[PDB]
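Raw input.cif, mmCIF, C-alpha atoms and all ligand atoms:
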```cif
data_protein
loop_
_atom_site.label_atom_id
_atom_site.label_comp_id
_atom_site.auth_asym_id
_atom_site.auth_seq_id
_atom_site.Cartn_x
_atom_site.Cartn_y
_atom_site.Cartn_z
CA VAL V 2 39.60 -18.12 18.79
CA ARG V 3 38.90 -17.03 15.20
CA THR V 4 36.95 -13.93 14.26
CA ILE V 5 35.32 -12.01 11.40
CA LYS V 6 34.21 -8.41 10.95
CA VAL V 7 30.57 -7.76 10.03
CA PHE V 8 28.12 -4.85 10.02
CA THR V 9 24.77 -4.74 11.84
CA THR V 10 21.92 -2.38 11.08
CA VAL V 11 18.20 -1.77 11.42
CA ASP V 12 17.79 0.71 8.54
CA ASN V 13 20.58 -0.22 6.06
CA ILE V 14 21.79 3.39 6.49
CA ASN V 15 23.63 3.43 9.83
CA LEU V 16 25.95 0.41 9.87
CA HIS V 17 27.64 -0.78 13.08
CA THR V 18 31.03 -2.50 13.07
CA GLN V 19 30.94 -5.82 14.90
CA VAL V 20 33.51 -8.41 15.86
CA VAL V 21 31.93 -11.87 15.58
CA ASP V 22 33.27 -15.10 17.10
CA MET V 23 32.98 -17.86 14.51
CA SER V 24 32.55 -20.57 17.19
CA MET V 25 29.11 -19.25 18.28
CA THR V 26 25.86 -18.54 16.40
CA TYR V 27 24.53 -15.14 15.36
CA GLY V 28 21.63 -15.56 17.78
CA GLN V 29 23.97 -15.92 20.74
CA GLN V 30 25.91 -12.75 19.92
CA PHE V 31 23.33 -10.39 18.36
CA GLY V 32 19.89 -11.82 19.01
CA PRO V 33 17.59 -12.49 16.05
CA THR V 34 19.78 -11.76 13.03
CA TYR V 35 18.77 -11.60 9.36
CA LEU V 36 20.95 -11.70 6.26
CA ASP V 37 19.17 -10.30 3.18
CA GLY V 38 15.80 -11.41 4.55
CA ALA V 39 17.12 -14.84 5.57
CA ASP V 40 17.10 -15.88 9.24
CA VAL V 41 20.64 -16.64 10.43
CA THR V 42 19.96 -16.76 14.18
CA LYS V 43 20.78 -20.50 14.31
CA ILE V 44 23.75 -20.29 11.90
CA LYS V 45 27.41 -19.83 12.82
CA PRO V 46 29.47 -17.15 11.01
CA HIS V 47 30.93 -18.39 7.72
CA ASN V 48 34.05 -17.02 6.06
CA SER V 49 31.91 -15.57 3.26
CA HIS V 50 30.04 -13.38 5.79
CA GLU V 51 33.09 -11.10 6.10
CA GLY V 52 32.28 -7.44 5.45
CA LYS V 53 28.54 -8.11 4.91
CA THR V 54 25.61 -6.31 6.56
CA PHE V 55 23.09 -8.02 8.87
CA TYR V 56 19.70 -6.91 10.16
CA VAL V 57 19.07 -7.28 13.89
CA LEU V 58 16.30 -6.37 16.23
CA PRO V 59 16.47 -2.98 17.97
CA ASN V 60 18.10 -4.37 21.14
CA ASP V 61 19.68 -1.12 22.45
CA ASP V 62 18.26 2.42 22.61
CA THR V 63 20.23 3.87 19.68
CA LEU V 64 18.95 1.10 17.39
CA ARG V 65 15.37 1.80 18.51
CA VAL V 66 15.84 5.47 17.64
CA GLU V 67 17.26 4.59 14.22
CA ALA V 68 14.46 2.10 13.53
CA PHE V 69 11.78 4.64 14.43
CA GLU V 70 13.44 7.36 12.34
CA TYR V 71 13.32 4.99 9.35
CA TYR V 72 9.97 3.17 9.69
CA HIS V 73 7.82 5.52 11.84
CA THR V 74 6.58 2.78 14.16
CA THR V 75 7.28 1.58 17.71
CA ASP V 76 6.13 -2.04 17.06
CA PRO V 77 9.15 -4.15 18.07
CA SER V 78 7.95 -7.03 15.89
CA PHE V 79 7.81 -4.74 12.84
CA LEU V 80 11.38 -5.53 11.77
CA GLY V 81 10.80 -9.23 12.34
CA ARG V 82 7.60 -9.20 10.30
CA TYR V 83 9.28 -7.15 7.54
CA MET V 84 12.21 -9.57 7.33
CA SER V 85 9.88 -12.59 7.37
CA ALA V 86 7.86 -11.07 4.53
CA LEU V 87 11.02 -10.20 2.56
CA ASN V 88 12.23 -13.80 2.85
CA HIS V 89 9.27 -14.68 0.56
CA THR V 90 8.84 -11.52 -1.52
CA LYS V 91 12.46 -11.77 -2.66
CA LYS V 92 11.40 -14.94 -4.54
CA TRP V 93 8.55 -13.20 -6.36
CA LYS V 94 8.74 -11.85 -9.91
CA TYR V 95 8.10 -8.18 -10.74
CA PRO V 96 7.63 -7.78 -14.51
CA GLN V 97 7.22 -4.48 -16.32
CA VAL V 98 3.65 -4.64 -17.63
CA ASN V 99 2.67 -1.62 -19.75
CA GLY V 100 5.16 0.74 -18.09
CA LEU V 101 4.18 -0.33 -14.55
CA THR V 102 5.72 -2.82 -12.14
CA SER V 103 3.36 -5.73 -11.45
CA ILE V 104 3.70 -9.01 -9.52
CA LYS V 105 3.47 -12.50 -10.98
CA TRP V 106 0.68 -14.22 -9.07
CA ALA V 107 1.83 -16.30 -6.10
CA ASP V 108 0.60 -16.72 -2.52
CA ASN V 109 -2.65 -14.77 -3.09
CA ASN V 110 -0.84 -11.50 -3.91
CA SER V 111 -3.59 -10.28 -6.26
CA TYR V 112 -4.55 -7.41 -3.95
CA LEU V 113 -0.85 -6.61 -3.47
CA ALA V 114 -0.25 -6.42 -7.22
CA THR V 115 -3.30 -4.18 -7.64
CA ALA V 116 -2.16 -1.84 -4.85
CA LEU V 117 1.37 -1.66 -6.27
CA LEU V 118 -0.05 -0.88 -9.71
CA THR V 119 -2.34 1.80 -8.26
CA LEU V 120 0.39 3.55 -6.30
CA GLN V 121 2.40 3.99 -9.50
CA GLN V 122 -0.39 6.01 -11.10
CA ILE V 123 -1.37 8.43 -8.32
CA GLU V 124 0.60 11.37 -6.96
CA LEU V 125 1.43 10.30 -3.42
CA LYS V 126 4.17 11.04 -0.92
CA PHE V 127 5.15 8.80 1.96
CA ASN V 128 6.46 9.92 5.34
CA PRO V 129 8.50 6.83 6.40
CA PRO V 130 11.89 7.04 4.66
CA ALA V 131 11.78 3.25 4.38
CA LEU V 132 8.51 3.47 2.46
CA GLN V 133 9.86 6.15 0.12
CA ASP V 134 13.11 4.29 -0.61
CA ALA V 135 11.19 1.07 -1.31
CA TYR V 136 8.66 3.01 -3.44
CA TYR V 137 11.42 4.36 -5.67
CA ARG V 138 13.04 0.94 -5.86
CA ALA V 139 9.67 -0.60 -6.78
CA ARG V 140 8.99 1.91 -9.56
CA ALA V 141 12.52 0.99 -10.72
CA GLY V 142 11.53 -2.71 -10.78
CA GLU V 143 12.82 -4.09 -7.43
CA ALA V 144 9.61 -4.13 -5.40
CA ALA V 145 10.47 -6.94 -2.98
CA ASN V 146 11.29 -4.60 -0.09
CA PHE V 147 8.22 -2.48 -0.95
CA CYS V 148 5.87 -5.49 -0.83
CA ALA V 149 7.37 -6.73 2.43
CA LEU V 150 6.99 -3.28 4.00
CA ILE V 151 3.38 -2.97 2.88
CA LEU V 152 2.68 -6.37 4.44
CA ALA V 153 4.41 -5.29 7.68
CA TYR V 154 2.55 -1.96 7.96
CA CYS V 155 -0.83 -3.67 7.48
CA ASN V 156 -0.24 -6.56 9.91
CA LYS V 157 -0.79 -9.00 7.04
CA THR V 158 1.32 -12.07 6.25
CA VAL V 159 2.45 -13.76 3.04
CA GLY V 160 -0.26 -16.07 1.72
CA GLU V 161 -3.09 -14.35 3.57
CA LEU V 162 -5.86 -12.89 1.42
CA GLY V 163 -6.22 -9.12 1.53
CA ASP V 164 -8.48 -6.22 0.61
CA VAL V 165 -7.12 -3.39 -1.55
CA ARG V 166 -9.20 -0.75 0.25
CA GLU V 167 -7.85 -1.83 3.66
CA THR V 168 -4.28 -1.77 2.33
CA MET V 169 -4.84 1.65 0.77
CA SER V 170 -6.12 2.98 4.11
CA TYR V 171 -3.11 1.63 6.02
CA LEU V 172 -0.71 3.16 3.48
CA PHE V 173 -2.56 6.49 3.37
CA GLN V 174 -2.06 6.75 7.14
CA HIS V 175 1.69 6.85 6.40
CA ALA V 176 1.20 9.33 3.51
CA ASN V 177 1.33 13.14 3.40
CA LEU V 178 -2.37 13.85 3.00
CA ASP V 179 -1.98 17.20 4.75
CA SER V 180 -3.32 19.75 2.27
CA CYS V 181 -6.03 17.20 1.34
CA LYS V 182 -9.49 18.40 2.45
CA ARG V 183 -13.09 17.45 1.68
CA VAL V 184 -16.31 19.43 2.28
CA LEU V 185 -19.74 17.77 2.05
CA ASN V 186 -23.38 18.87 2.49
CA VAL V 187 -26.18 16.60 3.78
CA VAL V 188 -29.57 17.54 2.29
CA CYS V 189 -32.58 16.53 4.40
CA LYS V 190 -35.37 18.47 6.08
CA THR V 191 -33.94 17.32 9.43
CA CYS V 192 -30.45 18.56 8.51
CA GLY V 193 -30.50 22.35 8.13
CA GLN V 194 -26.87 22.95 9.03
CA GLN V 195 -24.76 20.18 7.47
CA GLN V 196 -21.37 21.42 6.24
CA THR V 197 -19.07 18.55 7.15
CA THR V 198 -15.32 19.07 6.70
CA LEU V 199 -12.87 16.14 6.69
CA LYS V 200 -9.08 16.09 6.59
CA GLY V 201 -6.77 13.12 6.46
CA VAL V 202 -7.39 9.71 4.96
CA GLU V 203 -11.17 10.31 4.96
CA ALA V 204 -10.58 13.35 2.72
CA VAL V 205 -9.53 11.12 -0.21
CA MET V 206 -11.55 7.94 0.44
CA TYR V 207 -15.24 7.12 0.17
CA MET V 208 -17.27 3.89 0.32
CA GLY V 209 -20.69 3.91 -1.32
CA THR V 210 -20.50 4.70 -5.02
CA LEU V 211 -17.89 4.26 -7.74
CA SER V 212 -18.86 7.26 -9.87
CA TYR V 213 -17.10 10.50 -8.96
CA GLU V 214 -19.50 12.57 -11.07
CA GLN V 215 -22.46 10.89 -9.35
CA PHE V 216 -20.74 11.80 -6.08
CA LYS V 217 -20.53 15.47 -7.14
CA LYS V 218 -24.19 15.57 -8.23
CA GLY V 219 -25.61 13.68 -5.24
CA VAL V 220 -26.15 10.19 -3.82
CA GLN V 221 -28.53 8.68 -1.28
CA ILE V 222 -27.36 8.05 2.27
CA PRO V 223 -27.74 4.42 3.48
CA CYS V 224 -30.46 5.63 5.83
CA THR V 225 -32.29 2.68 7.38
CA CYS V 226 -35.40 4.88 7.53
CA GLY V 227 -35.32 6.12 3.93
CA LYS V 228 -35.58 9.86 4.69
CA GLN V 229 -34.28 10.67 1.17
CA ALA V 230 -31.12 12.06 2.74
CA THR V 231 -28.93 13.48 -0.04
CA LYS V 232 -25.14 13.78 -0.03
CA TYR V 233 -23.10 15.79 -2.52
CA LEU V 234 -19.50 16.97 -2.70
CA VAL V 235 -19.12 20.68 -1.97
CA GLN V 236 -15.34 21.08 -2.18
CA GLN V 237 -12.40 18.76 -2.90
CA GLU V 238 -8.71 19.68 -2.57
CA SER V 239 -6.52 16.59 -3.04
CA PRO V 240 -4.26 15.14 -5.74
CA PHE V 241 -6.64 12.17 -6.13
CA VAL V 242 -9.84 10.53 -4.84
CA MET V 243 -10.65 6.84 -4.31
CA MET V 244 -14.29 5.79 -4.75
CA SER V 245 -15.11 2.34 -3.32
CA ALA V 246 -18.26 0.22 -3.46
CA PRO V 247 -19.17 -3.44 -2.95
CA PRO V 248 -18.20 -5.43 -6.07
CA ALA V 249 -20.80 -4.54 -8.67
CA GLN V 250 -21.13 -4.81 -12.43
CA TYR V 251 -19.80 -1.43 -13.59
CA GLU V 252 -18.95 0.10 -16.95
CA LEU V 253 -15.50 1.71 -17.07
CA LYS V 254 -15.46 4.47 -19.68
CA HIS V 255 -12.09 5.35 -21.19
CA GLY V 256 -10.67 8.73 -20.23
CA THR V 257 -13.06 9.16 -17.27
CA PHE V 258 -10.78 7.71 -14.56
CA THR V 259 -7.13 6.96 -13.73
CA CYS V 260 -7.29 3.28 -12.68
CA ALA V 261 -9.69 0.87 -11.02
CA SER V 262 -9.85 -2.47 -9.25
CA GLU V 263 -11.91 -5.47 -10.39
CA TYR V 264 -12.71 -8.28 -7.94
CA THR V 265 -14.06 -11.57 -9.32
CA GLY V 266 -15.24 -14.01 -6.67
CA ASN V 267 -16.94 -14.23 -3.30
CA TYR V 268 -15.85 -12.71 0.02
CA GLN V 269 -13.42 -15.41 1.21
CA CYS V 270 -12.09 -16.35 -2.24
CA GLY V 271 -11.58 -13.94 -5.11
CA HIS V 272 -9.11 -12.48 -7.56
CA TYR V 273 -8.10 -8.85 -8.05
CA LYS V 274 -7.32 -7.38 -11.47
CA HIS V 275 -6.21 -3.84 -12.27
CA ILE V 276 -7.72 -1.65 -15.00
CA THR V 277 -5.82 1.40 -16.24
CA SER V 278 -6.74 4.13 -18.76
CA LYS V 279 -3.99 5.04 -21.24
CA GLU V 280 -4.74 5.51 -24.96
CA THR V 281 -7.16 2.58 -24.49
CA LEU V 282 -8.30 0.37 -21.60
CA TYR V 283 -5.73 -2.10 -20.20
CA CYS V 284 -6.34 -5.04 -17.81
CA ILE V 285 -3.32 -6.24 -15.81
CA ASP V 286 -3.73 -9.56 -13.96
CA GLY V 287 -0.49 -10.56 -12.30
CA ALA V 288 2.01 -10.87 -15.13
CA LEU V 289 -0.72 -10.99 -17.80
CA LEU V 290 -1.92 -8.03 -19.86
CA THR V 291 -5.05 -7.51 -22.01
CA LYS V 292 -6.39 -4.46 -23.91
CA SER V 293 -9.79 -3.31 -25.21
CA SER V 294 -11.60 -0.11 -26.11
CA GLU V 295 -14.43 -0.66 -23.60
CA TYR V 296 -14.78 -2.56 -20.34
CA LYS V 297 -17.62 -3.83 -18.16
CA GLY V 298 -16.79 -5.93 -15.11
CA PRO V 299 -17.21 -6.45 -11.36
CA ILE V 300 -15.58 -3.22 -10.11
CA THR V 301 -14.98 -2.36 -6.44
CA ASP V 302 -12.47 0.57 -6.38
CA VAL V 303 -11.95 3.49 -8.80
CA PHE V 304 -9.26 6.18 -8.59
CA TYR V 305 -9.64 9.68 -10.06
CA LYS V 306 -7.19 12.55 -10.51
CA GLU V 307 -8.06 15.78 -8.73
CA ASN V 308 -6.58 19.14 -7.78
CA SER V 309 -9.35 21.55 -6.75
CA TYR V 310 -13.09 21.04 -7.36
CA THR V 311 -15.84 23.43 -6.26
CA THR V 312 -19.51 22.45 -6.49
CA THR V 313 -22.19 24.38 -8.37
CA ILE V 314 -25.15 23.41 -6.14
CA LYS V 315 -26.33 26.23 -3.87
CA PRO V 316 -28.02 25.14 -0.57
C1 LIG I 1 -20.05 -5.38 0.81
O1 LIG I 1 -18.67 -5.15 0.83
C2 LIG I 1 -17.95 -6.10 0.10
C3 LIG I 1 -16.60 -5.88 -0.19
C4 LIG I 1 -15.86 -6.83 -0.90
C5 LIG I 1 -14.35 -6.57 -1.21
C6 LIG I 1 -14.09 -5.07 -1.43
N1 LIG I 1 -13.50 -7.02 -0.42
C7 LIG I 1 -12.62 -7.96 -1.08
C8 LIG I 1 -11.58 -8.62 -0.16
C9 LIG I 1 -12.22 -9.15 1.02
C10 LIG I 1 -11.25 -9.91 1.95
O2 LIG I 1 -10.64 -9.34 2.80
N2 LIG I 1 -11.10 -11.36 1.80
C11 LIG I 1 -10.22 -12.13 2.67
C12 LIG I 1 -11.07 -12.87 3.72
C13 LIG I 1 -12.09 -12.20 4.38
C14 LIG I 1 -12.86 -12.87 5.33
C15 LIG I 1 -12.61 -14.20 5.62
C16 LIG I 1 -11.59 -14.87 4.96
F1 LIG I 1 -11.33 -16.18 5.24
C17 LIG I 1 -10.81 -14.20 4.01
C18 LIG I 1 -12.86 -8.08 1.73
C19 LIG I 1 -13.96 -7.44 0.88
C20 LIG I 1 -16.53 -8.01 -1.37
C21 LIG I 1 -15.83 -9.00 -2.12
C22 LIG I 1 -16.50 -10.14 -2.56
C23 LIG I 1 -17.85 -10.34 -2.28
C24 LIG I 1 -18.54 -9.38 -1.55
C25 LIG I 1 -17.86 -8.21 -1.10
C26 LIG I 1 -18.59 -7.24 -0.36
MG MG I 2 7.28 -17.98 -1.82
#
```

Would you encode the structure as structure tokens?
Ligand SMILES: COc1cc([C@@H](C)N2CCC(C(=O)NCc3cccc(F)c3)CC2)c2ccccc2c1
Ligand SMILES: [Mg+2]
Amino acid sequence: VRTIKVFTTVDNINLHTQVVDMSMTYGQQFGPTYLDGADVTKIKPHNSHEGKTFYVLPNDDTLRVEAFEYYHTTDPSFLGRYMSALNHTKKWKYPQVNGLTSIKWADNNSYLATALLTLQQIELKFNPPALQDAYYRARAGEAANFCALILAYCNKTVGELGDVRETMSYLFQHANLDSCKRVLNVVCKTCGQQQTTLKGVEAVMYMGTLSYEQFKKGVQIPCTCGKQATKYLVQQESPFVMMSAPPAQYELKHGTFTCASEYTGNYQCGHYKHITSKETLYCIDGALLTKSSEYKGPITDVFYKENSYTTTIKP
């Protein structure tokens, strides 16, 4: 009987020494086993595997504790989905486009590239240590693990089309939006006591209008009756705000926003591009980059910097 020494882990932090019989497969001795994103459950240990680290499913209780401490989820399939996604995202390209890490287009990753480009331009802190380690490694240029994790946290798969706003919501759930708070006032003769206060994801997100200044001044509620119900922002305390609206022809003025998302197409087939404001306006589409002084396009998401805003409108 011949043998090799390997390591097994669920977080790449706590490694476990393992004696492996080379006459069996990794699936027989460990369960579902992954080697750098690759599935090696059906493969027998090779001599080259000596001293290398393998991912396995949380089969015992200590591994479950380690996996939860790293990923902040109880989903047992999470590691499997993450490894399956990494098996593809390791083959993607991540070029530095205008100081940001983008993704060369493949397998309908347009929304993924836009989300990755957005996250690099907003002050945001993640709670899962896995997310934070992959975030740093993505800003450094190795975003494969980051993309696979984002796919795993959103219950999306490689090749499936995605929405940037949905992805941003899923990731904001795993973010430290604690101090973030939003206070709004509903103006209508019916409503004579509307001082709504929101904390959490809904403190930094809104779906209705793209303009943040038009949100501060006032916008009409989608009332089916048309009661001229008015909504304006009373107070905002957050490092950023994300204004979303159905894809509409919008004029992006330089210096008035941080970044924005353009969506060209219909509902079941479209393409995401990312617009950023630097010294001029830049459009990143996968690995491609364009510049201009002005921009008008089908916008759907706009991000703005914020710290503390207080309204001027007295009730
Ligand atoms: C009225 O609200 C919208 C919103 C969108 C944008 C924001 N958005 C784009 C991605 C899209 C999506 O998830 N596509 C994948 C998909 C969805 C359903 C069936 C499939 F097979 C595949 C979700 C929505 C709009 C984008 C384009 C046109 C109208 C939109 C209206
Ligand atoms: Mg591929």

Q | Near-ligand residues for ligand LIG 1 (chain I), threshold 10 Å, all atoms listed in the file, as a ChimeraX atom specification | A | /V:109,112,161-168,208-209,245-249,262-273,299-302

Q.
Show me which residues line ligand MG 2 (chain I), defined as having an atom within 12 Å of a ligand atom where all atoms listed in the file count, and present them as a PyMOL selection string.
A. chain V and resi 85-94+105-110+145+158-160

Q: For atom CA of residue 146 of chain V and atom CA of residue 66 of chain V, determine how far apart the two atoms are, in Å to one decimal place.
A: 20.9 Å

As AutoDock Vina command-line options, please report the centre and edge lengths, rounded to one decimal in Å, of the axis-aligned box that holds all listed atoms of segment 71-84 of chain V with 8 Å of padding on each of the six sides.
```
--center_x 9.7 --center_y -2.0 --center_z 12.7 --size_x 23.2 --size_y 31.1 --size_z 26.7
```

(Q) One decimal, in Å: what's the spacing between atom CA of residue 118 of chain V and atom CA of residue 172 of chain V? (A)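 Between these atoms lies a distance of 13.8 Å.
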
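Interatomic distance, atom CA of residue 183 of chain V against atom CA of residue 169 of chain V: 17.8 Å.
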
Q | Counting only C-alpha atoms, the residue of V:124, V:37, V:203, V:67 that sits nearest residue 244 of chain V | A | V:203

**Q.** From V:254, V:3, V:82, V:73, residue lying nearest residue 148 of chain V [all atoms listed in the file]
**A.**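 Going through V:254, V:3, V:82, V:73 one by one, the smallest distance to residue 148 of chain V is for V:82.
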
(Q) Can you pull out the residues contacting segment 216-231 of chain V? Cut-off 10 Å, using only C-alpha atoms, and skip same-chain residues under 6 positions away; I want them as a PyMOL selection string. (A) chain V and resi 185-192+207+209-210+237+244+310-314

Q: Identify which of the residues V:215, V:128, V:102, V:196 lies closest to residue 289 of chain V, counting all atoms listed in the file when measuring atom-to-atom distances.
A: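 Once distances to residue 289 of chain V are computed over all atoms listed in the file, the minimum belongs to V:102.
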
Name all residues at most 12 Å from residue 133 of chain V (count all atoms listed in the file; drop same-chain ones fewer than 2 positions away) and give them as a compact mmCIF listing (two decimals) with C-alpha atoms, in the frame of the given file.
```txt
# COMPACT_ATOMS: atom_id res chain seq x y z
CA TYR V 71 13.32 4.99 9.35
CA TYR V 72 9.97 3.17 9.69
CA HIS V 73 7.82 5.52 11.84
CA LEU V 120 0.39 3.55 -6.30
CA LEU V 125 1.43 10.30 -3.42
CA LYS V 126 4.17 11.04 -0.92
CA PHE V 127 5.15 8.80 1.96
CA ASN V 128 6.46 9.92 5.34
CA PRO V 129 8.50 6.83 6.40
CA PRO V 130 11.89 7.04 4.66
CA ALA V 131 11.78 3.25 4.38
CA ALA V 135 11.19 1.07 -1.31
CA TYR V 136 8.66 3.01 -3.44
CA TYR V 137 11.42 4.36 -5.67
CA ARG V 138 13.04 0.94 -5.86
CA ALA V 139 9.67 -0.60 -6.78
CA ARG V 140 8.99 1.91 -9.56
CA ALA V 144 9.61 -4.13 -5.40
CA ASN V 146 11.29 -4.60 -0.09
CA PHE V 147 8.22 -2.48 -0.95
CA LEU V 150 6.99 -3.28 4.00
CA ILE V 151 3.38 -2.97 2.88
CA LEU V 172 -0.71 3.16 3.48
CA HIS V 175 1.69 6.85 6.40
CA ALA V 176 1.20 9.33 3.51
CA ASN V 177 1.33 13.14 3.40
```

**Q.** From V:134, V:281, V:79, V:316, residue lying nearest residue 157 of chain V [all atoms listed in the file]
**A.**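 Among V:134, V:281, V:79, V:316, it is V:79 that comes nearest to residue 157 of chain V.
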
Q) With only C-alpha atoms as the atoms that count, which of V:24, V:293, V:78, V:60 lies nearest to residue 10 of chain V? A) V:60

(Q) When you count all atoms listed in the file, which of these residues is closest to residue 233 of chain V: V:261, V:276, V:23, V:184? (A)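 Closest to residue 233 of chain V of all the choices is V:184.
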
Missing atoms in segment 112-129 of chain V: fill them in up to N, CA, C and O atoms and send the result as a PDB file, in the frame of the given file.
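Output saved as result20.pdb:
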```
ATOM      1  N   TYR V 112      -4.312  -8.741  -4.511  1.00  0.00           N
ATOM      2  CA  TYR V 112      -4.550  -7.410  -3.950  1.00  0.00           C
ATOM      3  C   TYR V 112      -3.251  -6.615  -3.836  1.00  0.00           C
ATOM      4  O   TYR V 112      -3.244  -5.393  -4.026  1.00  0.00           O
ATOM      5  N   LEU V 113      -2.140  -7.290  -3.528  1.00  0.00           N
ATOM      6  CA  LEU V 113      -0.850  -6.610  -3.470  1.00  0.00           C
ATOM      7  C   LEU V 113      -0.448  -6.061  -4.830  1.00  0.00           C
ATOM      8  O   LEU V 113       0.002  -4.913  -4.942  1.00  0.00           O
ATOM      9  N   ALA V 114      -0.599  -6.874  -5.879  1.00  0.00           N
ATOM     10  CA  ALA V 114      -0.250  -6.420  -7.220  1.00  0.00           C
ATOM     11  C   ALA V 114      -1.117  -5.238  -7.623  1.00  0.00           C
ATOM     12  O   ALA V 114      -0.623  -4.274  -8.220  1.00  0.00           O
ATOM     13  N   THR V 115      -2.416  -5.298  -7.310  1.00  0.00           N
ATOM     14  CA  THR V 115      -3.300  -4.180  -7.640  1.00  0.00           C
ATOM     15  C   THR V 115      -2.898  -2.910  -6.893  1.00  0.00           C
ATOM     16  O   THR V 115      -2.886  -1.822  -7.478  1.00  0.00           O
ATOM     17  N   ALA V 116      -2.565  -3.024  -5.602  1.00  0.00           N
ATOM     18  CA  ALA V 116      -2.160  -1.840  -4.850  1.00  0.00           C
ATOM     19  C   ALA V 116      -0.854  -1.264  -5.384  1.00  0.00           C
ATOM     20  O   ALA V 116      -0.704  -0.039  -5.502  1.00  0.00           O
ATOM     21  N   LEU V 117       0.109  -2.130  -5.707  1.00  0.00           N
ATOM     22  CA  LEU V 117       1.370  -1.660  -6.270  1.00  0.00           C
ATOM     23  C   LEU V 117       1.152  -0.971  -7.611  1.00  0.00           C
ATOM     24  O   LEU V 117       1.783   0.053  -7.897  1.00  0.00           O
ATOM     25  N   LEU V 118       0.249  -1.507  -8.436  1.00  0.00           N
ATOM     26  CA  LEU V 118      -0.050  -0.880  -9.710  1.00  0.00           C
ATOM     27  C   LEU V 118      -0.768   0.453  -9.523  1.00  0.00           C
ATOM     28  O   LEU V 118      -0.541   1.394 -10.290  1.00  0.00           O
ATOM     29  N   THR V 119      -1.625   0.554  -8.505  1.00  0.00           N
ATOM     30  CA  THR V 119      -2.340   1.800  -8.260  1.00  0.00           C
ATOM     31  C   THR V 119      -1.403   2.897  -7.800  1.00  0.00           C
ATOM     32  O   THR V 119      -1.481   4.039  -8.271  1.00  0.00           O
ATOM     33  N   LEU V 120      -0.516   2.567  -6.856  1.00  0.00           N
ATOM     34  CA  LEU V 120       0.390   3.550  -6.300  1.00  0.00           C
ATOM     35  C   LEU V 120       1.312   4.156  -7.351  1.00  0.00           C
ATOM     36  O   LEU V 120       1.760   5.297  -7.189  1.00  0.00           O
ATOM     37  N   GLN V 121       1.538   3.460  -8.461  1.00  0.00           N
ATOM     38  CA  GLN V 121       2.400   3.990  -9.500  1.00  0.00           C
ATOM     39  C   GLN V 121       1.693   4.980 -10.400  1.00  0.00           C
ATOM     40  O   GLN V 121       2.345   5.614 -11.238  1.00  0.00           O
ATOM     41  N   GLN V 122       0.387   5.154 -10.223  1.00  0.00           N
ATOM     42  CA  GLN V 122      -0.390   6.010 -11.100  1.00  0.00           C
ATOM     43  C   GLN V 122      -1.072   7.151 -10.375  1.00  0.00           C
ATOM     44  O   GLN V 122      -1.841   7.897 -11.000  1.00  0.00           O
ATOM     45  N   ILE V 123      -0.799   7.330  -9.088  1.00  0.00           N
ATOM     46  CA  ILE V 123      -1.370   8.430  -8.320  1.00  0.00           C
ATOM     47  C   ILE V 123      -0.232   9.202  -7.676  1.00  0.00           C
ATOM     48  O   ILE V 123       0.796   8.623  -7.307  1.00  0.00           O
ATOM     49  N   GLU V 124      -0.394  10.521  -7.603  1.00  0.00           N
ATOM     50  CA  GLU V 124       0.600  11.370  -6.960  1.00  0.00           C
ATOM     51  C   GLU V 124       0.472  11.195  -5.451  1.00  0.00           C
ATOM     52  O   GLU V 124      -0.519  11.618  -4.847  1.00  0.00           O
ATOM     53  N   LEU V 125       1.495  10.625  -4.830  1.00  0.00           N
ATOM     54  CA  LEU V 125       1.430  10.300  -3.420  1.00  0.00           C
ATOM     55  C   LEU V 125       2.828  10.382  -2.842  1.00  0.00           C
ATOM     56  O   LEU V 125       3.806   9.998  -3.492  1.00  0.00           O
ATOM     57  N   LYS V 126       2.905  10.850  -1.604  1.00  0.00           N
ATOM     58  CA  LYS V 126       4.170  11.040  -0.920  1.00  0.00           C
ATOM     59  C   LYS V 126       4.105  10.363   0.431  1.00  0.00           C
ATOM     60  O   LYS V 126       3.192  10.634   1.220  1.00  0.00           O
ATOM     61  N   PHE V 127       5.089   9.513   0.704  1.00  0.00           N
ATOM     62  CA  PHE V 127       5.150   8.800   1.960  1.00  0.00           C
ATOM     63  C   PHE V 127       6.017   9.537   2.972  1.00  0.00           C
ATOM     64  O   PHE V 127       6.937  10.283   2.615  1.00  0.00           O
ATOM     65  N   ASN V 128       5.708   9.323   4.247  1.00  0.00           N
ATOM     66  CA  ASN V 128       6.460   9.920   5.340  1.00  0.00           C
ATOM     67  C   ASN V 128       7.602   9.008   5.811  1.00  0.00           C
ATOM     68  O   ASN V 128       8.724   9.497   5.990  1.00  0.00           O
ATOM     69  N   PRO V 129       7.383   7.708   6.026  1.00  0.00           N
ATOM     70  CA  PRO V 129       8.500   6.830   6.400  1.00  0.00           C
ATOM     71  C   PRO V 129       9.564   6.811   5.319  1.00  0.00           C
ATOM     72  O   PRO V 129       9.264   6.527   4.150  1.00  0.00           O
TER      73      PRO V 129
END
```
